[PDB]
Novice: 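The following block contains the structure, expressed as structure tokens.
Protein chains get the first letters and strands the later ones, always in sequence-line order, with residue 1 at the start of each. Only this structure's heavy atoms are used, side chains among them; waters, hydrogens and symmetry mates stay out.
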Amino acid sequence: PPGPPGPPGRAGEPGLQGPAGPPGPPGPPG
Amino acid sequence: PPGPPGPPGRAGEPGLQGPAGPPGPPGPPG
Amino acid sequence: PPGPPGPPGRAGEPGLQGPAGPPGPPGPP
């Protein structure tokens with residue numbers, strides 16, 4: 001009498017955007 | 001008769017956080 | 001009686017790459 005398990009769930013949300021990158025290199029000398 | 005199937009499962013875990021951004025624009029001259 | 005709820009879905013896609021970093025430090029003199 002107990003039925004089979006239901007269908008699988010949906011694939012999860014896409015992940016959070018990554019953090020901002022490092023600062024660019026220091027500029028050339030003045 | 002056997003019971004009906006269960007409901008659909010839960011959604012998967014969200015994706016991992018993406019990679020870090022590229023380096024910022026280069027610094028200006030000194 | 002109805003069956004147990006289905007298994008969990010697969011994990012999500014990884015996230016987008018972050019934005020560009022801060023503007024670089026100005027150079028030496």
Side-chain angles (χ1 to χ4, degrees):
Chain A
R10 85 194 59 243
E13 288 183 57
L16 290 209
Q17 183 168 35
Chain B
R10 212 42 173 290
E13 191 157 61
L16 301 190
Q17 183 175 200
Chain C
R10 66 171 77 205
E13 288 277 352
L16 174 91
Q17 167 183 40

Novice: Among B:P4, B:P7, B:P5, which residue meets the side chain to side chain contact (heavy atoms under 4.5 Å, CB included) test with C:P2?
Specialist: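 Among B:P4, B:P7, B:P5, the one that satisfies the side chain to side chain contact (heavy atoms under 4.5 Å, CB included) with C:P2 is B:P4.
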Novice: What residues, two or more places apart in sequence or in another chain, satisfy side chain to side chain contact (heavy atoms under 4.5 Å, CB included) together with B:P22?
Specialist: C:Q17, C:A20
Novice: Tell me, please, which residues at least two apart from C:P29 pass side chain to side chain contact (heavy atoms under 4.5 Å, CB included).
Specialist: none
Novice: Just how far is it from atom CZ of A:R10 to atom CZ of B:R10, taken to the nearest 0.5 Å?
Specialist: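 Between atom CZ of A:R10 and atom CZ of B:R10 there are 10.0 Å.
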Novice: Any chance you could measure A:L16, atom CG, to C:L16, atom CG, to the nearest 0.5 Å?
Specialist: 11.0 Å
Novice: Looking at every non-hydrogen atom in both residues, tell me the closest pair between A:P19 and B:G18 and how far apart they are.
Specialist: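 Taking every non-hydrogen atom into account, CD-O, 4.0 Å.
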